[PDB]
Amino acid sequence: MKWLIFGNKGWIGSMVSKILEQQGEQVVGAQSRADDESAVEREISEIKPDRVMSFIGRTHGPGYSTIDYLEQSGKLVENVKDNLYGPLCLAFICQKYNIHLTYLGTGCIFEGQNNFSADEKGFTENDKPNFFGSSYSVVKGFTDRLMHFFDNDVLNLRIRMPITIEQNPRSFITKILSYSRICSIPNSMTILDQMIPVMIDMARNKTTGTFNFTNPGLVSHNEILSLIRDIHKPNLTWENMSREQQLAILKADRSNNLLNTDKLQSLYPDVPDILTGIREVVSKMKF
């Protein structure tokens, strides 16, 4: 089939593009900006893709390798443009043309259920955002809600803290290896090497709706650094800091949660729990 990819030069979009091409699919990198709704509709009307995917957003930039970038005066316009408006333009136009859209969103719109409390099973697909501590998370929360108005037309995948075996400035493990102090908190995370094939399968199948799109279960920064130490780097040591210490040195807070992945597990029962998956990733990693 023919796959039109927005964000195909980005970290994730490049990775997905490569896998679609190894699978024998035709990939078209979108030339239109997602927020240029008239150019998007011209491109979609002309290319006539079988599938559209969105790997776009504004999550770092000059001076800031993190979502702290969006807290600067003058960046709200880039935040809403790339992290809400562009994705909504793709939803409206893909829906009009009856072309399945995969939107790669975020689960960094919730806070909590990550304390191993016996009565808490994690945030669901239907749950409203309850984390408002970064401008990124605020805007993405509304994008996530708005995507529920396209439940039969758009696949809304909530990834978090994405990890690759290959080291990359964007990869959660690369980042935490680089940080002087670690705020260790159990969290739902996405191993892209494991879950990109699932995402492609879902888009091939025209599956629609919202899915929490993390590996089952919780892992902490300390558990990940402990595996790197215990598998490869016996000398490895790090300093811990609290949520409050971290808040003081960043421009924004950070989302910490468990996502309930029962919905994804109903379709894809072989996705590894996050600790089995991280053990696998760390075992294969170069430094």
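In case it trips you up, residue 1 is the first one in the sequence shown, and so on.
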174-182 or 187-195, whichever carries the higher mean Cα B-factor: 174-182
Residue range whose averaged C-alpha B-factor is higher in the record, 134-142 or 89-97: 89-97
Selection from 221, 254, 58, 48 [criterion: highest C-alpha temperature factor in the record]: 48
Out of 54, 226, 242, 235, highest CA B-factor residue: 235
Chain-wide C-alpha B factor ranking for residue 274, given as lowest, middle or highest third: lowest
Assigned third (lowest, middle, highest) for the C-alpha B factor of residue 165: highest
Residue 32 - Cα temperature factor, lowest/middle/highest third of chain: highest
Entry-reported Cα temperature factor of residue 215, expressed as the chain third it lands in: lowest
Lowest, middle or highest third - CA B-factor, residue 259: lowest
